[PDB]
Amino acid sequence: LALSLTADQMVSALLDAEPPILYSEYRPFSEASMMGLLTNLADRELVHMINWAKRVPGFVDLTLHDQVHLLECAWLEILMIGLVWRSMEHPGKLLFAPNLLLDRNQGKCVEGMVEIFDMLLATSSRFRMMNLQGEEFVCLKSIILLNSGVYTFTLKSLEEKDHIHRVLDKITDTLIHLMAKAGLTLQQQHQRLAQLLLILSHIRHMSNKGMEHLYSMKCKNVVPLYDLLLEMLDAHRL
Amino acid sequence: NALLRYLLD
Ligand SMILES: C[C@]12CC[C@@H]3c4ccc(O)cc4CC[C@H]3[C@@H]1CC[C@@H]2O
């Protein structure tokens, strides 16, 4: 059914499916107090991420087990791009929530997190410099969930791979349509598509580094880990 | 099974 949507319906769909912005629990942070807040926040946002996924056009047509494998490998890239996007208009700060605006220096309060902040901030500026739009943003977040684990899913898997690649193509049509409607020159549209798609690369990299840090902090008993968040943490190692 | 219970609901 999803394969039959126009560029405008897919855009609308995705715009309606966006999850809400959550708040953080209420002098200087400690290593433990700071991971406790981020973790308590990421754990509340995954429940919302599960229900945003289901509304992404085409996701529910996958076998349950492909649905899990996809959320299981993309959860931290989806959390990262939402963060970058809400931090866009606050140069030098990461807006974890409306009541938790952290800067590079607070990043130093937790061992080895500053490098992770530094990359989130650089992607945040990158998106500011290109002037990313909300319509584009929603398309990117869907490509990220569909491209997390297609090379990690044999006759029903090749069938599920093709359906997945068909959604990806429609999302690629949508993005091309958004840029045409804002008057980009034909040349300019593929230059911007490719620039958006190379930032996903960086996002994948922030993610792998993010899992490592998380799992380090967990193995040092620095933070207890939430039920849904632990489950998802374990899908990567395991 | 957290994730699964939420895909079925
Ligand atoms: C997983 C981490 C804590 C939770 C953090 C979070 C928590 C909520 C959120 O919306 C985004 C992010 C992105 C960075 C995440 C961090 C990456 C390293 C760290 O361990």
# chains A, B, ... in the order shown; residues from 1 in each chain; ligands from 1
>>> residues_near_ligand(ligand="ligand 1", cutoff="6 Å", atoms="only C-alpha atoms and all ligand atoms", output="list in words")
residues 38, 39, 41, 42, 79, 80, 83, 96, 210, 213 and 214 of chain A
>>> interface_residues(of="chain B", to="chain A", cutoff="8 Å", atoms="only C-alpha atoms", output="PyMOL selection string")
chain B and resi 2-4+6-7
>>> write_last_selection(atoms="C-alpha atoms", output="mmCIF file, in the first residue's frame")
data_model
loop_
_atom_site.group_PDB
_atom_site.id
_atom_site.type_symbol
_atom_site.label_atom_id
_atom_site.label_comp_id
_atom_site.auth_asym_id
_atom_site.auth_seq_id
_atom_site.Cartn_x
_atom_site.Cartn_y
_atom_site.Cartn_z
ATOM 1 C CA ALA B 2 9.891 -5.692 25.509
ATOM 2 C CA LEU B 3 10.413 -4.697 21.870
ATOM 3 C CA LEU B 4 8.189 -7.497 20.567
ATOM 4 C CA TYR B 6 5.245 -3.181 21.621
ATOM 5 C CA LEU B 7 5.365 -4.194 17.926
#
>>> residues_around(residues="stretch 16-19 of chain A", least_positions_apart="4", cutoff="9 Å", atoms="only C-alpha atoms", output="PDB file with N, CA and C atoms, in the first residue's frame")
ATOM      1  N   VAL A  11       5.407  12.667   2.633  1.00  0.00           N
ATOM      2  CA  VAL A  11       5.917  13.748   3.455  1.00  0.00           C
ATOM      3  C   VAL A  11       4.971  14.015   4.617  1.00  0.00           C
ATOM      4  N   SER A  12       3.666  14.084   4.329  1.00  0.00           N
ATOM      5  CA  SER A  12       2.635  14.309   5.304  1.00  0.00           C
ATOM      6  C   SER A  12       2.687  13.179   6.315  1.00  0.00           C
ATOM      7  N   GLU A  45      12.477   7.811  25.485  1.00  0.00           N
ATOM      8  CA  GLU A  45      12.327   7.999  24.041  1.00  0.00           C
ATOM      9  C   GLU A  45      12.264   6.696  23.255  1.00  0.00           C
ATOM     10  N   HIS A  48       8.686   5.749  22.482  1.00  0.00           N
ATOM     11  CA  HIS A  48       8.094   6.608  21.437  1.00  0.00           C
ATOM     12  C   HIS A  48       8.620   6.229  20.049  1.00  0.00           C
ATOM     13  N   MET A  49       9.884   5.841  19.980  1.00  0.00           N
ATOM     14  CA  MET A  49      10.538   5.448  18.721  1.00  0.00           C
ATOM     15  C   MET A  49       9.873   4.188  18.193  1.00  0.00           C
ATOM     16  N   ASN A  51       6.744   3.336  18.513  1.00  0.00           N
ATOM     17  CA  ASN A  51       5.516   3.756  17.809  1.00  0.00           C
ATOM     18  C   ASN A  51       5.778   4.750  16.710  1.00  0.00           C
ATOM     19  N   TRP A  52       6.943   5.384  16.510  1.00  0.00           N
ATOM     20  CA  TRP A  52       7.039   6.272  15.338  1.00  0.00           C
ATOM     21  C   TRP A  52       7.301   5.334  14.152  1.00  0.00           C
ATOM     22  N   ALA A  53       8.116   4.318  14.415  1.00  0.00           N
ATOM     23  CA  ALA A  53       8.525   3.350  13.402  1.00  0.00           C
ATOM     24  C   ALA A  53       7.302   2.802  12.682  1.00  0.00           C
ATOM     25  N   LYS A  54       6.397   2.206  13.453  1.00  0.00           N
ATOM     26  CA  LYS A  54       5.172   1.613  12.945  1.00  0.00           C
ATOM     27  C   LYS A  54       4.473   2.570  12.018  1.00  0.00           C
ATOM     28  N   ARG A  55       4.506   3.871  12.178  1.00  0.00           N
ATOM     29  CA  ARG A  55       3.858   4.776  11.240  1.00  0.00           C
ATOM     30  C   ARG A  55       4.703   5.104  10.024  1.00  0.00           C
ATOM     31  N   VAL A  56       5.983   4.744   9.970  1.00  0.00           N
ATOM     32  CA  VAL A  56       6.794   5.007   8.778  1.00  0.00           C
ATOM     33  C   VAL A  56       6.164   4.171   7.669  1.00  0.00           C
ATOM     34  N   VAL A 138      12.815  14.536   8.333  1.00  0.00           N
ATOM     35  CA  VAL A 138      11.942  13.354   8.459  1.00  0.00           C
ATOM     36  C   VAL A 138      12.244  12.273   7.466  1.00  0.00           C
TER      37      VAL A 138
END
>>> atom_distance(atom1="atom CA of residue A:75", atom2="atom CA of residue A:145")
7.9 Å
>>> residues_around(residues="residue A:24", least_positions_apart="2", cutoff="12 Å", atoms="only C-alpha atoms", output="ChimeraX atom specification")
/A:21-22,26,34-45,95-101
>>> write_last_selection(atoms="N, CA, C and O atoms", output="JSON list (two decimals), in the first residue's frame")
[["chain", "number", "residue", "atom", "x", "y", "z"],
["A", 21, "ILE", "N", 8.70, 15.84, 22.01],
["A", 21, "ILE", "CA", 9.94, 16.16, 22.71],
["A", 21, "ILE", "C", 9.83, 15.83, 24.18],
["A", 21, "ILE", "O", 8.91, 16.31, 24.83],
["A", 22, "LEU", "N", 10.69, 15.02, 24.82],
["A", 22, "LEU", "CA", 10.49, 14.76, 26.24],
["A", 22, "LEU", "C", 11.40, 15.63, 27.12],
["A", 22, "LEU", "O", 12.41, 16.18, 26.70],
["A", 26, "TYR", "N", 14.42, 16.76, 37.11],
["A", 26, "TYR", "CA", 15.17, 17.96, 37.49],
["A", 26, "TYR", "C", 16.56, 17.58, 38.02],
["A", 26, "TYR", "O", 17.48, 18.30, 37.57],
["A", 34, "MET", "N", 25.04, 12.53, 35.61],
["A", 34, "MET", "CA", 24.84, 12.84, 34.21],
["A", 34, "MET", "C", 24.48, 11.60, 33.39],
["A", 34, "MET", "O", 23.46, 11.64, 32.69],
["A", 35, "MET", "N", 25.16, 10.48, 33.49],
["A", 35, "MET", "CA", 24.70, 9.32, 32.68],
["A", 35, "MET", "C", 23.32, 8.88, 33.11],
["A", 35, "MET", "O", 22.59, 8.32, 32.32],
["A", 36, "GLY", "N", 22.99, 9.07, 34.40],
["A", 36, "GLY", "CA", 21.69, 8.67, 34.88],
["A", 36, "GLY", "C", 20.66, 9.48, 34.12],
["A", 36, "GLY", "O", 19.66, 8.85, 33.79],
["A", 37, "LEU", "N", 20.82, 10.79, 33.96],
["A", 37, "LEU", "CA", 19.79, 11.52, 33.22],
["A", 37, "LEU", "C", 19.70, 11.12, 31.75],
["A", 37, "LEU", "O", 18.55, 10.84, 31.32],
["A", 38, "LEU", "N", 20.79, 11.06, 30.97],
["A", 38, "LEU", "CA", 20.74, 10.70, 29.56],
["A", 38, "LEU", "C", 20.10, 9.38, 29.25],
["A", 38, "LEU", "O", 19.27, 9.25, 28.36],
["A", 39, "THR", "N", 20.38, 8.38, 30.01],
["A", 39, "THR", "CA", 19.88, 7.00, 30.02],
["A", 39, "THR", "C", 18.43, 6.87, 30.38],
["A", 39, "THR", "O", 17.65, 6.06, 29.82],
["A", 40, "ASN", "N", 17.99, 7.72, 31.34],
["A", 40, "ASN", "CA", 16.59, 7.75, 31.77],
["A", 40, "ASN", "C", 15.86, 8.42, 30.62],
["A", 40, "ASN", "O", 14.77, 7.94, 30.27],
["A", 41, "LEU", "N", 16.45, 9.45, 30.03],
["A", 41, "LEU", "CA", 15.83, 10.03, 28.82],
["A", 41, "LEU", "C", 15.81, 9.10, 27.60],
["A", 41, "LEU", "O", 14.75, 8.78, 26.96],
["A", 42, "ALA", "N", 16.95, 8.48, 27.26],
["A", 42, "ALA", "CA", 16.95, 7.62, 26.04],
["A", 42, "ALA", "C", 15.98, 6.48, 26.22],
["A", 42, "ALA", "O", 15.29, 6.14, 25.28],
["A", 43, "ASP", "N", 15.85, 5.95, 27.42],
["A", 43, "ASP", "CA", 14.91, 4.86, 27.70],
["A", 43, "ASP", "C", 13.46, 5.30, 27.51],
["A", 43, "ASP", "O", 12.66, 4.51, 27.03],
["A", 44, "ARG", "N", 13.10, 6.55, 27.82],
["A", 44, "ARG", "CA", 11.71, 6.97, 27.66],
["A", 44, "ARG", "C", 11.51, 7.21, 26.17],
["A", 44, "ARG", "O", 10.48, 6.87, 25.62],
["A", 45, "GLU", "N", 12.48, 7.81, 25.48],
["A", 45, "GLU", "CA", 12.33, 8.00, 24.04],
["A", 45, "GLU", "C", 12.26, 6.70, 23.26],
["A", 45, "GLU", "O", 11.64, 6.76, 22.19],
["A", 95, "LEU", "N", 20.84, 20.06, 22.72],
["A", 95, "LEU", "CA", 19.58, 20.13, 23.49],
["A", 95, "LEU", "C", 19.00, 18.78, 23.85],
["A", 95, "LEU", "O", 18.07, 18.21, 23.28],
["A", 96, "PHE", "N", 19.49, 18.10, 24.89],
["A", 96, "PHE", "CA", 19.02, 16.77, 25.22],
["A", 96, "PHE", "C", 17.52, 16.87, 25.48],
["A", 96, "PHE", "O", 16.84, 15.96, 25.00],
["A", 97, "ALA", "N", 17.06, 17.94, 26.10],
["A", 97, "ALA", "CA", 15.61, 18.18, 26.30],
["A", 97, "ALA", "C", 15.45, 19.68, 26.45],
["A", 97, "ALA", "O", 16.46, 20.39, 26.60],
["A", 98, "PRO", "N", 14.29, 20.27, 26.49],
["A", 98, "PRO", "CA", 14.08, 21.69, 26.74],
["A", 98, "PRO", "C", 14.66, 22.09, 28.09],
["A", 98, "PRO", "O", 15.12, 23.23, 28.25],
["A", 99, "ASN", "N", 14.78, 21.24, 29.12],
["A", 99, "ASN", "CA", 15.38, 21.60, 30.39],
["A", 99, "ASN", "C", 16.75, 20.97, 30.62],
["A", 99, "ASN", "O", 17.14, 20.79, 31.78],
["A", 100, "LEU", "N", 17.49, 20.66, 29.52],
["A", 100, "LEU", "CA", 18.83, 20.06, 29.61],
["A", 100, "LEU", "C", 19.63, 20.40, 28.36],
["A", 100, "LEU", "O", 19.78, 19.70, 27.36],
["A", 101, "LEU", "N", 20.19, 21.59, 28.39],
["A", 101, "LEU", "CA", 20.99, 22.18, 27.35],
["A", 101, "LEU", "C", 22.46, 22.12, 27.77],
["A", 101, "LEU", "O", 22.90, 23.00, 28.50]]
>>> atom_distance(atom1="atom CA of residue A:108", atom2="atom CA of residue A:234")
26.4 Å
>>> closest_residue(among="A:30, A:142, A:82, A:111", to="residue A:220", atoms="only C-alpha atoms")
A:111
>>> select_by_dssp(residues="stretch 78-227 of chain A", states="strand (DSSP E or B)", output="list in words")
residues 93, 94, 95, 96, 97, 100, 101, 102 and 103 of chain A
>>> write_last_selection(atoms="N, CA, C and O atoms", output="PDB file, in the first residue's frame")
ATOM      1  N   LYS A  93      25.789  23.897  21.648  1.00  0.00           N
ATOM      2  CA  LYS A  93      25.086  23.241  22.726  1.00  0.00           C
ATOM      3  C   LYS A  93      24.325  22.030  22.217  1.00  0.00           C
ATOM      4  O   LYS A  93      23.979  22.054  21.054  1.00  0.00           O
ATOM      5  N   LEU A  94      24.046  21.046  23.028  1.00  0.00           N
ATOM      6  CA  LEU A  94      23.276  19.891  22.554  1.00  0.00           C
ATOM      7  C   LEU A  94      21.974  19.942  23.352  1.00  0.00           C
ATOM      8  O   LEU A  94      22.017  19.889  24.599  1.00  0.00           O
ATOM      9  N   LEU A  95      20.838  20.062  22.717  1.00  0.00           N
ATOM     10  CA  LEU A  95      19.580  20.133  23.490  1.00  0.00           C
ATOM     11  C   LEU A  95      19.002  18.782  23.849  1.00  0.00           C
ATOM     12  O   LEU A  95      18.075  18.205  23.279  1.00  0.00           O
ATOM     13  N   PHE A  96      19.495  18.104  24.888  1.00  0.00           N
ATOM     14  CA  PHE A  96      19.018  16.767  25.223  1.00  0.00           C
ATOM     15  C   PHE A  96      17.521  16.867  25.478  1.00  0.00           C
ATOM     16  O   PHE A  96      16.845  15.961  25.004  1.00  0.00           O
ATOM     17  N   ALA A  97      17.055  17.938  26.097  1.00  0.00           N
ATOM     18  CA  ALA A  97      15.610  18.181  26.299  1.00  0.00           C
ATOM     19  C   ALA A  97      15.452  19.681  26.448  1.00  0.00           C
ATOM     20  O   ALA A  97      16.462  20.391  26.600  1.00  0.00           O
ATOM     21  N   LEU A 100      17.486  20.662  29.516  1.00  0.00           N
ATOM     22  CA  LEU A 100      18.826  20.061  29.612  1.00  0.00           C
ATOM     23  C   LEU A 100      19.632  20.401  28.365  1.00  0.00           C
ATOM     24  O   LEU A 100      19.776  19.695  27.362  1.00  0.00           O
ATOM     25  N   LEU A 101      20.193  21.590  28.394  1.00  0.00           N
ATOM     26  CA  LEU A 101      20.993  22.183  27.354  1.00  0.00           C
ATOM     27  C   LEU A 101      22.460  22.119  27.765  1.00  0.00           C
ATOM     28  O   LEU A 101      22.899  22.998  28.503  1.00  0.00           O
ATOM     29  N   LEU A 102      23.127  21.077  27.273  1.00  0.00           N
ATOM     30  CA  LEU A 102      24.524  20.880  27.652  1.00  0.00           C
ATOM     31  C   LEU A 102      25.554  21.367  26.656  1.00  0.00           C
ATOM     32  O   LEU A 102      25.356  21.360  25.443  1.00  0.00           O
ATOM     33  N   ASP A 103      26.717  21.784  27.159  1.00  0.00           N
ATOM     34  CA  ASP A 103      27.751  22.232  26.241  1.00  0.00           C
ATOM     35  C   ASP A 103      28.944  21.291  26.340  1.00  0.00           C
ATOM     36  O   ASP A 103      29.134  20.435  27.187  1.00  0.00           O
TER      37      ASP A 103
END
>>> residues_around(residues="residue A:132", least_positions_apart="6", cutoff="12 Å", atoms="only C-alpha atoms", output="PyMOL selection string")
chain A and resi 81+84-86+88-89+123-126+138-140+175+178-179+192-193+195-196+199
>>> select_by_dssp(residues="stretch 12-229 of chain A", states="helix (DSSP H, G or I)", output="PyMOL selection string")
chain A and resi 12-17+31-55+59-61+64-87+104-107+114-129+134-146+155-181+186-219+227-229
>>> atom_distance(atom1="atom CA of residue A:106", atom2="atom CA of residue A:209")
18.5 Å
>>> residues_around(residues="residue A:212", least_positions_apart="3", cutoff="12 Å", atoms="only C-alpha atoms", output="PyMOL selection string")
chain A and resi 76+112-113+116+205-209+215-219+233-234+236-237
